[PDB]
Amino acid sequence: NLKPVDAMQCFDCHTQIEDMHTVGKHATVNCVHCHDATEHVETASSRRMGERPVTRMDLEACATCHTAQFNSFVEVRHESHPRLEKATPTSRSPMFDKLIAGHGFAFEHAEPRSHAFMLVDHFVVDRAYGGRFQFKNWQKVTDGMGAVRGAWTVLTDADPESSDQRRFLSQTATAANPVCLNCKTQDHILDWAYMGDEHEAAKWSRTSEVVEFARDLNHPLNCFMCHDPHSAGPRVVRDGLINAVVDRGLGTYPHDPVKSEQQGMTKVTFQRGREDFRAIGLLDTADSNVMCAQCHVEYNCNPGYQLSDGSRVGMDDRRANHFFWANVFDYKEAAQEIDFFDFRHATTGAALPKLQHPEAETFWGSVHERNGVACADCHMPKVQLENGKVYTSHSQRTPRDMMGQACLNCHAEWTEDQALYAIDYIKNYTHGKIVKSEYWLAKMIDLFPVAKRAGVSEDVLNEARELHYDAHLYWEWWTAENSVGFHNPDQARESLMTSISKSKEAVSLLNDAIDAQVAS
Amino acid sequence: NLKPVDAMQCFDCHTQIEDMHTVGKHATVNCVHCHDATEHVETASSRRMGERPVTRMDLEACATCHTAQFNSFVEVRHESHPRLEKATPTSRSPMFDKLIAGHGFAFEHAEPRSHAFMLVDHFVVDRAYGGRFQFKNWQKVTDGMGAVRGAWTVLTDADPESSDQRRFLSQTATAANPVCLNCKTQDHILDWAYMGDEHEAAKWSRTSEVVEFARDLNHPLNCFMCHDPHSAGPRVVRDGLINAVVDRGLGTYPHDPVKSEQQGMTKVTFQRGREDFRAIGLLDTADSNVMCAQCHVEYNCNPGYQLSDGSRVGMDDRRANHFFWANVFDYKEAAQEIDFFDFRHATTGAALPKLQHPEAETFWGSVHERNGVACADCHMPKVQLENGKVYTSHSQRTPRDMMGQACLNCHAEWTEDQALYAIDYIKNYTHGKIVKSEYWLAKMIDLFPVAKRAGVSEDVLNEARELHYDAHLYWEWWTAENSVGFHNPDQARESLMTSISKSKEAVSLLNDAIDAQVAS
Amino acid sequence: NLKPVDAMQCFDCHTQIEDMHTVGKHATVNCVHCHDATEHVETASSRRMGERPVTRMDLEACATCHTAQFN
Amino acid sequence: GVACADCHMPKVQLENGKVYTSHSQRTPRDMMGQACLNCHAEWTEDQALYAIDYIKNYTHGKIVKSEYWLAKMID
Ligand code: HEC
Ligand code: HEC
Ligand code: HEC
Ligand code: HEC
Ligand code: HEC
Ligand code: HEC
Ligand code: HEC
Ligand code: HEC
Ligand code: HEC
Ligand code: HEC
Ligand code: HEC
Ligand code: HEC
Ligand code: HEC
Ligand code: HEC
Ligand SMILES: [Ca+2]
Ligand SMILES: [Ca+2]
């Protein structure tokens with residue numbers, strides 16, 4: 001059984017913790033619930049850590065007093081089909097292989113599934129670690145509780161004796177790097193300096209051997225990613241988000257200065273040896289839009305190249321951990337502002353961006369966002385009980401599973417079937433335009449080899465490559481974004497029509513240039 | 001409250017109405033239910049209208065005394081997925097964009113949904129009005145009753161101050177013209193001369209500004225499209241159908257003279273200033289096959305070109321409002337008979353037809369049609385009540401929703417699952433041949449640029465273009481037709497195999513010609 | 001099929017019904033829906049019924065225009 | 001101001017249609033959405049049924065006891 005420790009002794013050296021813990025709703029929660037600091041207290045000074053205390057990062061540290069929230073979190077939605085590749089005719093991007101050729105995502109890009117699996121899924125996807133990690137067997141894919149207990153309870157490593165990123169199977173890639181893990185776990189929260197910069201107190205950084213880092217990480221989506229463990233108040237911990245919102249002054253709602261002020265973020269920095277080390281962002285309100293934006297954003301978390309001169313941008317560069325914090329129509333400017341692109345298309349040679357799940361940036365300016373609705377209202381609502389103490393569901397999932405609570409309480413004019421019909425109208429329309437955009441991108445891409453072989457000039461090919469960047473951006477945003485337009489239907493429509501327009505311009509340019517070469 | 005008017009006063013000048021009203025089952029229904037004619041009666045003469053009476057065209061004019069039929073009509077089938085683009089891998093025509101390139105349908109062609117939405121869907125589809133009209137917001141897509149009350153109660157116009165057809169968004173088209181509206185509404189029944197010819201008494205015609213016309217129209221599928229309001233007897237009002245059946249003498253069942261005589265149509269013409277103005281077709285029997293054929297047919301409702309010389313055929317030409325009234329194997333001859341084609345393929349340059357929803361012509365000669373079965377038996381059956389007055393369901397929808405009434409009463413040997421299995425056998429087989437036909441069409445189409453660039457002769461290209469017409473026709477009939485072969489499975493099979501044969505002939509011709517150029 | 005009768009003629013002797021029928025939502029509903037009064041009209045005066053007209057009491061007399069309520 | 005029809009012949013609720021008054025005069029148990037929960041938004045169907053049953057059960061118990069005592073007197 002746990003035995004409490006004297007917090008006042010800790011507070012002597014930990015003023016920031018005292019100021020947070022004594023005021024919030026964890027003022028009665030003893031440190032022993034999460035820390036084993038006996039040897040630390042014996043050896044520390046006011047400025048030197050001495051022996052390092054043990055800090056629990058397992059979600060069960062919270063389950064003890066918050067079982068309802070933990071159990072709701074760890075539930076597996078079996079209807080969220082697992083390991084479902086998006087580059088298939090029946091999923092989100094039928095022509096993805098042709099369009100993304102040159103990028104690691106060609107090796108595998110599955111639809112998301114329940115949060116419990118995020119860290120294990122990161123480890124086992126074919127694009128990440130060369131197939132090094134696997135579930136212990138194919139049965140273990142069901143085990144959400146086991147994944148939560150720890151990745152290494154359910155996974156195996158093909159070669160514990162080496163730590164290099166390499167292929168273990170032919171059709172894999174080694175795209176993973178340390179930055180990725182910030183959106184899968186925060187087990188490393190005390191071992192990683194802000195932004196993953198090099199730091200004498202950091203075990204891990206952007207430039208670490210990712211296989212070694214991986215082995216040190218266990219738990220998905222720690223509860224403390226959204227809730228300060230000391231004050232119990234709302235927060236974010238993701239460095240890239242704090243950097244966008246606070247350091248770069250863009251605000252929590254870049255398009256709305258007032259809402260940004262009302263629903264803001266305060267950066268709190270913790271030091272090691274009186275040098276800034278790590279930071280958190282305390283939220284003015286329990287604003288799920290910003291909490292979920294720790295991960296459900298478009299980002300850089302990878303090496304790339306400069307738009308200006310084509311030179312390599314490696315993991316050592318700050319740009320390798322970056323939140324663009326820009327909607328689809330501001331993205332090109334945001335990529336220009338850091339002089340960055342992700343890859344060269346394998347067929348066209350165009351410099352292209354790689355877009356990833358920009359739900360937060362897409363939601364900005366939508367009718368729901370403008371009306372004060374937030375992700376949690378649709379994806380983790382309060383639970384309705386005939387007789388019971390209400391709590392917030394932590395099963396982050398489609399509203400289709402809880403339409404009473406997610407939609408119909410605010411849309412009293414609709415039945416469940418009507419609300420579902422409205423969702424489907426948007427998704428069906430948007431998906432149709434995604435497919436049309438892919439058709440036209442594919443048509444353009446297929447002309448590049450024909451044009452090169454016909455002797456079309458590099459000047460013309462480069463004009464087409466410039467169009468490819470835009471045709472790509474204004475399409476891929478929407479295969480990346482998980483709502484199939486629901487989050488911002490008018491924006492999706494405008495963007496996808498722009499993609500098609502750009503591809504059609506490139507097709508005409510290339511066809512005319514090929515025909516002129518042939519005629520000559 | 002309504003106050004009756006003296007019908008005998010009207011009958012003094014309206015002999016045709018007297019002859020219909022006094023004999024049928026509306027003999028006791030006073031004119032005030034549908035007409036406000038006070039000032040008209042004061043000012044008319046036997047030959048001049050004077051002040052124009054108001055005529056109600058809203059469906060609620062009938063709902064008052066026929067609520068069951070109205071409510072069944074306006075029901076929305078939420079399982080009929082809305083705004084679902086057909087040019088996607090999971091819908092009816094995976095390769096539609098490549099095959100239809102050059103035609104407006106490339107901008108958008110969705111699956112049908114419930115009848116309540118026909119007029120609003122016509123107004124808002126991306127191919128029709130350049131994106132000028134939209135629902136007031138994305139919520140309104142659910143509102144079938146509102147659509148029925150009137151399109152302009154649920155839609156907005158991007159520019160009320162102009163009336164030209166233009167693009168408001170990039171990836172739209174302006175294919176709509178006045179003829180289209182005849183299959184969406186008959187609000188214009190008193191304002192449109194037969195066939196849309198120019199007429200001094202007609203406000204609207206084939207050559208009208210369609211945006212202005214659109215603004216004057218409100219209600220979908222008026223109840224009086226199938227039921228004469230004066231006699232209550234069965235009829236059609238669609239000019240193009242009357243023209244095919246009566247003027248051109250083709251009959252209600254062109255393949256069956258006897259059934260045509262037993263189940264015929266009598267053209268009744270109404271005059272303005274003692275000049276023929278409009279017409280209806282009174283049916284000998286309540287024959288849903290002919291009622292539904294007002295709209296569920298292949299038609300011209302658009303400009304096009306002549307097969308003979310390639311010249312433009314505009315909206316002013318009668319051929320712009322035409323029912324071919326021909327099955328798939330008689331269609332080419334029917335298009336030749338009016339010297340007409342719809343578009344030139346964007347890649348192949350072939351003159352091609354555009355086929356649209358030919359359910360009526362497909363049903364001819366099928367086993368069910370030959371056995372006296374009609375559309376209503378499967379799509380709007382009598383309602384079965386343990387205790388109640390029977391009425392006819394007006395919810396025109398798939399029999400899957402009412403298999404007891406639609407199929408199993410006539411197929412006592414089957415369970416519901418067996419009947420569904422039989423439908424699926426046909427649809428699955430037919431769809432497979434549609435996909436194969438598209439594969440071969442696509443293969444042929446892709447050879448055209450290769451052949452042109454290799455220097456293949458125009459003579460060879462023109463031979464391939466002639467094959468393209470047939471390959472196209474014998475495929476597109478079946479993506480246009482909504483039953484996926486169920487209405488006439490053997491015909492679908494024969495046609496689709498013909499399509500593949502034609503495409504294979506073209507592929508061989510082009511490949512051999514390319515190879516010969518290369519060899520030279 | 002029903003053939004309407006001249007309600008104004010009935011009202012020459014039926015002021016009580018006139019005052020109800022002409023004001024309410026059945027003002028357009030002809031008497032033939034519920035009465036067979038041909039021989040009555042031929043034989044009545046304002047003070048003598050003559051032949052008794054038939055009045056329908058069956059619910060189907062209403063179902064004809066109000067099927068939803070009937071069913 | 002509630003009347004028999006509110007519980008026993010309510011207006012029909014239609015996603016798309018012309019409203020009319022149900023003439024099926026029957027227990028509200030068959031149409032609880034339209035003939036109780038429309039007024040009692042604080043309740044689920046099961047809660048509303050439970051409240052009916054509490055009353056009927058209590059009342060019936062007193063009917064049975066009343067009959068017991070009447071019968072004892074009669075005898
Ligand atoms: C003699 C002063 C002193 C006392 C007493 C003390 N600490 Fe610390 N502690 C430090 C210093 C110094 C650091 C390094 C960070 C800093 O400079 O604030 C540290 C770091 C930590 C960390 C971060 C460890 C890591 O992995 O980065 C935790 C957790 C912690 N202390 C918990 C506690 C707890 C719980 C108590 C009471 C049981 C306690 N400390 C008492 C001085 C103290
Ligand atoms: C020893 C029991 C205990 C432990 C362990 C514990 N909590 Fe709490 N927590 C509480 C109590 C007590 C409250 C206050 C309840 C109230 O008054 O509403 C609370 C409140 C909260 C609140 C609501 C705060 C607010 O201001 O509304 C959050 C969020 C929370 N805890 C999260 C967590 C997280 C995350 C963990 C794991 C890092 C955790 N708790 C661990 C007991 C515990
Ligand atoms: C009568 C025994 C038996 C039956 C029947 C059976 N399983 Fe298994 N299954 C096993 C055993 C034993 C293993 C291997 C256990 C281990 O090594 O951990 C296994 C392994 C598996 C695996 C892992 C496969 C792999 O390659 O790693 C899956 C998935 C699985 N079973 C699913 C199913 C499914 C689904 C069914 C029903 C279609 C089924 N099993 C029926 C006994 C059975
Ligand atoms: C800014 C936070 C963020 C970063 C950094 C991040 N991800 Fe993710 N990842 C997500 C979110 C959100 C999802 C779920 C939504 C989705 O997949 O579209 C996800 C899903 C996944 C999945 C499951 C779906 C799939 O694509 O197969 C895998 C595997 C994955 N990430 C791997 C990685 C890898 C490898 C990296 C680093 C190269 C990485 N992630 C970096 C946020 C992030
Ligand atoms: C992605 C951010 C996020 C994560 C991670 C998270 N929560 Fe929450 N949590 C929320 C939100 C949002 C609320 C509701 C705040 C509101 O509306 O006031 C909430 C509320 C709570 C509350 C307050 C009582 C309630 O139910 O409303 C507790 C306790 C809590 N969470 C515990 C946990 C536990 C334990 C975990 C880990 C199993 C967890 N949270 C993980 C977002 C998160
Ligand atoms: C007004 C309600 C609403 C809001 C607010 C909302 N979403 Fe969604 N979201 C939806 C709907 C509807 C879908 C489509 C779900 C479906 O079709 O099953 C969706 C889909 C998703 C999906 C994919 C779910 C799946 O299983 O396919 C993710 C991830 C997501 N949203 C994240 C977010 C984020 C993060 C936010 C806050 C920035 C957000 N959503 C805000 C309604 C909402
Ligand atoms: C707590 C409020 C709230 C919630 C939760 C909510 N809605 Fe809404 N929704 C609104 C409001 C307010 C509007 C805008 C109303 C208006 O302007 O007419 C709106 C707009 C919409 C629109 C129109 C969008 C557009 O771009 O025109 C759709 C569709 C919709 N909601 C569906 C849903 C669905 C489905 C859900 C459940 C996933 C949901 N809403 C949840 C309040 C809500
Ligand atoms: C003095 C003769 C006269 C009388 C009486 C008369 N009409 Fe007409 N009405 C006409 C003429 C003439 C036209 C033009 C068409 C025609 O020539 O038949 C016309 C046209 C109409 C139209 C078509 C209007 C349009 O928009 O095209 C309607 C409806 C109509 N009458 C209804 C009635 C009704 C109902 C009454 C009795 C209340 C009535 N009329 C009495 C002469 C008459
Ligand atoms: C004032 C009430 C009233 C109005 C308004 C009305 N009807 Fe009727 N309708 C009747 C009556 C009464 C009958 C005869 C019922 C019977 O005897 O079977 C009838 C019969 C019919 C029939 C059956 C005819 C047959 O020969 O079998 C049809 C079809 C019909 N109406 C359609 C309509 C249409 C369409 C409208 C709107 C243009 C309409 N009705 C408006 C009262 C009305
Ligand atoms: C001969 C009658 C007829 C004509 C004329 C007609 N349609 Fe249709 N329309 C139909 C039928 C029947 C359907 C439903 C069956 C289907 O879509 O296959 C339909 C469906 C539609 C739809 C919904 C499905 C889709 O394609 O997205 C739209 C939009 C539409 N029509 C627009 C038009 C336009 C624009 C015109 C004129 C260029 C037109 N229609 C002319 C009969 C017609
Ligand atoms: C597409 C043609 C069509 C349309 C439009 C149409 N009906 Fe019908 N209607 C039919 C058919 C078919 C029958 C059954 C005839 C038969 O089998 O005798 C029917 C029968 C009827 C009947 C006779 C009683 C019955 O139910 O059998 C009435 C009354 C009627 N319809 C009213 C209406 C009303 C009111 C509307 C507008 C809401 C409407 N109809 C629209 C085709 C149509
Ligand atoms: C013997 C029964 C039968 C007859 C008669 C019939 N159909 Fe069909 N129809 C079907 C079946 C079965 C389907 C496929 C429905 C499905 O798979 O859900 C279908 C599909 C349709 C569809 C598409 C429905 C949808 O939701 O996909 C339309 C439109 C249609 N038929 C119109 C007609 C027309 C118009 C007629 C008269 C010329 C007609 N049908 C006659 C059985 C019939
Ligand atoms: C506030 C709603 C309400 C009102 C108003 C109401 N009732 Fe009831 N009535 C009920 C309930 C509840 C029952 C018990 C039904 C059950 O248990 O299934 C009932 C039972 C009945 C029953 C027996 C039903 C059966 O199937 O056992 C009759 C008869 C009845 N009521 C008549 C009337 C009359 C007549 C009025 C108007 C003077 C009236 N009720 C007003 C709620 C109502
Ligand atoms: C026991 C009395 C009673 C009887 C008998 C009765 N109704 Fe009603 N009726 C009502 C009530 C109560 C209303 C609703 C009045 C209101 O709330 O405004 C109603 C309304 C109506 C309405 C108006 C439209 C509507 O639905 O609200 C019509 C039409 C009607 N009844 C027809 C009939 C028919 C036909 C019959 C015979 C089958 C019938 N009624 C028998 C009580 C009755
Ligand atoms: Ca990116
Ligand atoms: Ca056509």
Side-chain angles (χ1 to χ4, degrees), chain B residues 33 56 58-80 82 113-121 135 139-151 153-154 219-223 380 383 385-389 391 393-397 401, chain D residues 1-10 12 14-68 70-71:
Chain B
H33 279 278
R56 287 181 62 182
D58 62 284
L59 289 68
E60 289 184 83
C62 311
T64 184
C65 299
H66 305 297
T67 300
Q69 294 81 1
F70 174 87
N71 277 358
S72 172
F73 172 75
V74 304
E75 195 187 346
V76 173
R77 184 174 188 266
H78 295 114
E79 298 85 354
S80 288
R113 66 165 174 164
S114 298
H115 277 159
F117 298 112
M118 63 176 63
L119 184 63
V120 294
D121 288 351
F135 285 99
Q139 306 165 253
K140 296 313 303 168
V141 304
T142 66
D143 190 3
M145 186 68 171
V148 166
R149 185 171 299 115
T153 75
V154 297
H219 313 108
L221 188 34
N222 311 67
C223 301
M380 55 165 296
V383 175
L385 301 167
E386 286 155 303
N387 298 274
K389 175 179 180 55
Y391 65 97
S393 178
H394 284 58
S395 186
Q396 290 94 15
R397 66 171 64 194
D401 287 12
Chain D
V2 185
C4 320
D6 296 318
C7 298
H8 294 293
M9 51 165 301
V12 177
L14 298 164
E15 284 156 304
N16 297 275
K18 176 175 174 60
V19 176
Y20 66 98
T21 305
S22 178
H23 284 55
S24 189
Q25 291 86 17
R26 66 169 65 195
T27 173
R29 286 190 196 260
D30 285 13
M31 66 282 200
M32 290 290 284
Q34 298 71 33
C36 312
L37 301 175
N38 48 307
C39 242
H40 289 277
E42 73 278 8
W43 275 337
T44 63
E45 181 165 354
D46 284 345
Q47 292 177 303
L49 293 169
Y50 189 80
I52 295 168
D53 286 327
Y54 192 111
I55 291 161
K56 298 185 85 182
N57 290 342
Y58 181 73
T59 305
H60 180 71
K62 302 309 185 184
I63 288 171
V64 168
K65 288 182 176 292
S66 292
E67 295 189 2
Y68 171 81
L70 269 163

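As a basis for the values below, the full set of heavy atoms in this structure was taken, side chains included, without hydrogen atoms, waters or symmetry mates. Every chain is numbered from 1, with letters handed out A, B, ... down the list of sequences.
Heavy atoms of B:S72 lying under 4.5 Å from chain D are absent altogether.
With sequence neighbours excluded, the residues forming a ring pair (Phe, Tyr, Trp, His ring centres under 6.0 Å) with D:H40 are D:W43, listed by chain and number. The ring pair (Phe, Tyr, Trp, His ring centres under 6.0 Å) test applied to B:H78 returns A:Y421, not counting sequence neighbours.
Under the 3.5 Å distance criterion, the side-chain polar atoms of D:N16 are matched with a main-chain donor or acceptor of B:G144. In this structure, the side chain of B:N71 engages the main chain of D:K18 through a donor-acceptor pair within 3.5 Å.
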